[PDB]
Amino acid sequence: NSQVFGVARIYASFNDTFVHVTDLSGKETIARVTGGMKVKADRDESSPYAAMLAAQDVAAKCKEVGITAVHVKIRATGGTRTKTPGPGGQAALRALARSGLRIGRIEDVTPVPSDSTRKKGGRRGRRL
Amino acid sequence: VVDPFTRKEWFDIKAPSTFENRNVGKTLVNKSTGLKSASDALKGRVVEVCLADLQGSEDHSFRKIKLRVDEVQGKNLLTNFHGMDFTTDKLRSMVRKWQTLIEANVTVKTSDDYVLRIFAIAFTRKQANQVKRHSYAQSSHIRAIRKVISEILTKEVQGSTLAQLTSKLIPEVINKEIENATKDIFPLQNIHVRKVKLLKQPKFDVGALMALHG
Amino acid sequence: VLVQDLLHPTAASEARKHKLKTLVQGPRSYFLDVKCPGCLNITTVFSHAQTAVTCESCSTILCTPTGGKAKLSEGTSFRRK
Amino acid sequence: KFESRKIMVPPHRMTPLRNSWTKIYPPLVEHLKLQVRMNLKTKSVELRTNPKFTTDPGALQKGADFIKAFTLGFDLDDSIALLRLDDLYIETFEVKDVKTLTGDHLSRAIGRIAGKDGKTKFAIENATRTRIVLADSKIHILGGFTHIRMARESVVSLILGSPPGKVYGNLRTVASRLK
RNA sequence: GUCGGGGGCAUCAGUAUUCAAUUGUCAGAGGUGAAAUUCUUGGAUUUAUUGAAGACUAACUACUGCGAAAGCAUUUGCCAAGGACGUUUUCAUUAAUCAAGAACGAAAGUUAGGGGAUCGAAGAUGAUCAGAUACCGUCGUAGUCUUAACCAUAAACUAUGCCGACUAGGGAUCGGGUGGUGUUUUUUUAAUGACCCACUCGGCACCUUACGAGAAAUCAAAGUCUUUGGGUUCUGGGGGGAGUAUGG
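Residues numbered from 1 in each chain as written, not as in the entry; some residues may be left out. Chains lettered and ligands numbered in written order. Part of a larger assembly, values for the part shown. Heavy atoms only, no water.

Structure determination for this entry is recorded as cryo-EM, at 3.8 Å resolution.

Printed below as a string of structure tokens:
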């Protein structure tokens, strides 16, 4: 068909971002290895350099089939931390726009929870 | 590991016959060796997409469908209805500073040896004559709204089949027992019914539909 | 307050202001001498009743007790004082 | 055929939205040929495009953030920079993640971020070249990736504790070489 | 009649949490300011499905509501009391505090058990360069959660013992009581509910000119005290030495 929909994640985070492009199911992970292939550095990856170019690891791997339209999908961590579309998590929305992979969904899969377990740290600070 | 080349064909997905758009797009199937792995991947899979696709309405209806695929018929896949939820886009855009949420749940062995868990949430209302900042029910009436909604999700699943539940949602005849048989307490607005979790089929039958073919 | 005795104020200003705070004490509620629809016998229930009146002819519960004042069953003829 | 994004509006941001309409579409609908619909009862911020409303690849990416970033507390002035850089991003906090904060400890560790008459907030408005909004716990940053690294390390100790003058006295060890 | 995130006994749901498996997989992630600590071609981590445990009910969450205090926020059933309010019901002074005496008691800690999910004082590791400063990171016995019991410590603070008297001045609150030839969906103009204008007592608050104070920040009580006395209980006498020695 002309509109053969896929589903593309984003995985908004720091220190890297992950790209998980298979279609509609949890099988075979077609345009997926790990979206951190594209630096020569230690951690310089939440900058759009292992992030905006990680969608160009799959810009050629999506067109192993040739699919035009996917479902974009912001994802947070899943847990208890700070959870939003962040600086590594616009970039997988950035480069999928400019690579011809069309715009789908907004489902930030994370708990905005009704519980909160014993978090990472003590009374003197968790994060920065 | 096994046969790393010919894991490639395209099988589509047929919508359950109560909706409009059957042919909703091809997917890459990797199984030519053995049609139980091409059955296990096609007898229980939640394939969630929008209700904008199925019924036809410009909202991704907020209501996207857990849609458990059932059976194979040859290059086309037999399906029924499994469940539904609210996406956080409309669920979170409502909560003002001064209202009160009302929560409910009903689980009951329903009519096919199926156990349906329906979540339905309600919201208080600044009435058109309301000059309060707020709307808090006189918290027995926070209970009394929650205890008289308790009959509506009971009868409207005790009387229905698996087909009629989604068909009582497009003008929401369910609401026309919500807003006509719990309105007798406090004003409510922007009220909905949330989730259709059929998690417990405590009986899984054998399975040969032949009537929801499409 | 400037020059008036408090036998000589504006009178009804403090009259609804919570009975005992008034210049002397005078109770809030009232008496009623009313007759049921079952006997036409004058059955004096108190305005702020606490007792569910069984009829003197029937067994009908001709009032329902509520705080503040009670809630009668309709059919009671009223008149003044 | 039709091609759509869709977003709603949180209802504490409804009230800064319907009075902020008159000059958000003339910076959008005379350059970006589209149409959007505001209303009063369903809160639908509906923006969709077409092949006839040119479907070039990098055109559905940064044009939404003229109002999608207005809704998170920012103004209409800062968020045009999405269409200037490929390293201009956002940052959203959640204040109950820095520590286990409760009570007036979430008011004695908010007031020491804006400062006395905004004079710590204005001081961060000359350090990281950002905009930062205090809703209650929403704090949002339009920086540029190394600015928000030093904006995440700008509220390193504004909450958990060091004096605010020592944000430029003690933390000048971090606020110089501003690796 | 209300009221009720009040307290207690069972049931019970949540986003999911991490842990466990199936299942999908095919060469990177991890932090901190630079960095240093680990898993996997005998399958990584971003996928799809079912359980144990605990947490708290996130947003609605305040000009909040309550409870002796410590305290308490999602349902349903169960148990008394309380608080308010109404009453032309009953005792007719049964009363206030408080030497002695007795309950309760956060966090932490103390014995004997249950789980052992979450992080994690100590600790075992990697740090890592002189003390840009040592903030980092990772696992973590106990502990956090409970059961039969202690302990009797807080900035247990509104830094103000408890019963009295009056005054300001307010628009709201919440718990009760009322209905304007009082305005609309509709019980039928003011019904379920909720309203403008008024009125009452309960709890939580605010800010004005400060009459009164205070040395002063400020306080409608930290007042009515040199114009010194409504009632009652426990403390303080310069700094230390010192809440130390000694004894009970």
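That was the structure; now back to the text.
**Remarks on the overall build of chain B**
The condition is simple: Numbering of helices and strands starts at the N terminus; helices are DSSP runs of H or I of at least 4 residues and strands are runs of E of at least 2. Exposed residues in this analysis have more than 50% of their type's maximum accessible area, buried residues have under 20%, and partly exposed residues fall in between, with area computed by a 1.4 Å probe over protein chains only. The Shrake-Rupley method, run with a 1.4 Å probe, gives the accessible areas here. Residue values count only the displayed protein chains as cover.
What chain B contains, in helices and strands, is seven helices and 12 strands. Dimensions of chain B, computed from the C-alpha atoms along their principal axes, are close to 70 × 35 × 30 Å. In chain B, which comprises 214 residues, the share counted as buried stands at 42%. Surface exposure of chain B reaches about 12400 Å², of which carbon and sulfur atoms provide 53%.

**Some details on the protein's contact with RNA strand E**
Counted only if it meets this: Near residues are defined by distance, with any heavy atom within 4 Å of the molecule or strand qualifying the residue. Within 3.5 Å is the distance limit for a polar contact, defined as a pair of N or O atoms, with the added protein rule that one can donate a hydrogen and the other accept it, and that residues adjacent in sequence qualify only through two side-chain atoms. Under the grouping applied here, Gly and all other residues not named as nonpolar or charged are polar, the nonpolar ones being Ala, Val, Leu, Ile, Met, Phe, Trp, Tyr, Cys and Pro and the charged ones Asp, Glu, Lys and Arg.
Neighbouring RNA strand E are 89 residues, the closest being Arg32, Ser114 and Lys119 of chain A together with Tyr136 and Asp184 of chain B. For RNA strand E, the backbone portion of the atoms within 4 Å of the protein, that is sugar and phosphate, comes to 77%. Within the side chain of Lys120 of chain A, one N or O atom sits 3.0 Å away from a phosphate oxygen of RNA strand E. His134 of chain B is positioned with one of its side-chain polar atoms (N or O) 2.7 Å from a phosphate oxygen of RNA strand E. Mapped onto the surface near RNA strand E, the elements with two or more residues apiece are α4 (140-148) and β12 (195-200) of chain B together with α5 (146-152) of chain D. Tallied by class, residues from the surface near RNA strand E come to 22 nonpolar, 30 polar and 37 charged.

**Some words on the pattern of salt bridges**
Just so we agree on the cut-off: Any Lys or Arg side-chain nitrogen found within 4 Å of a carboxyl oxygen on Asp or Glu counts as a salt bridge.
The full count for this structure, using the stated rule, is eight salt bridges over all chains. Ionic pairing is found between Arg7 of chain B and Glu28 of chain A, a salt bridge with its closest N-O pair at 3.6 Å. Of this pair, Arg7 of chain B sits in the segment before β1 (9-11) while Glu28 of chain A is found in the loop between β2 (21-22) and β3 (69-73), placing the two residues in two different chains. What makes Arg7 of chain B partly exposed here is its relative accessible area of 35%. In the salt-bridge network here, residues are joined through shared partners; they are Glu107 of chain A together with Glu48 and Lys64 of chain B.

**Concerning the sheet that holds β12 of chain B**
Residue and element names in this part refer to chain B. Note the following rule: Strands qualify as paired when DSSP identifies two bridges or more between them. Between N-to-C directions, angles cover 0 to 180 degrees, with each direction set by a line fitted to C-alpha atoms, over the stretch in contact for helices.
Pairing within the open sheet is antiparallel, and its three strands lie in the order β9-β10-β12. Unpaired on one side and paired on the other, β9 (105-109) and β12 mark the two borders of the sheet. The mean inter-strand angle of the sheet, taken between neighbouring strand axes irrespective of direction, is 20°. By the bridge criterion, four bridges tie strand β10 (residues 115-119) to β12 in an arrangement that is antiparallel. If you follow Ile118 over to β12, its bridge partner there is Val196.

**Examining a nonpolar patch on the surface**
Applied cut-off: Each patch is built from residues lacking any salt bridge and having more than 30% relative accessible area; the joining distance is 9 Å for like charges and 5 Å for nonpolar side chains (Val, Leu, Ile, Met, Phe, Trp, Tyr).
Taken together, the side chains of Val1, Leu2 and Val3 of chain C present a nonpolar region at the surface, about 460 Å² in accessible area. Tracing the backbone shows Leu2 of chain C in the segment before β1 (34-35).

**Side note on the pairing of strand β3 (residues 45-49) of chain D**
The two faces of the sheet receive side chains in turn, since in a regular strand these alternate between them. Residues and elements named next belong to chain D. Here β3 lies mainly inside the structure; four of its five residues are buried. Bridge analysis of strand β1 (residues 3-7) against β3 gives five bridges, and the strand direction is antiparallel. Each residue of the ladder has a partner; that of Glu3, found in β3, is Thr49.

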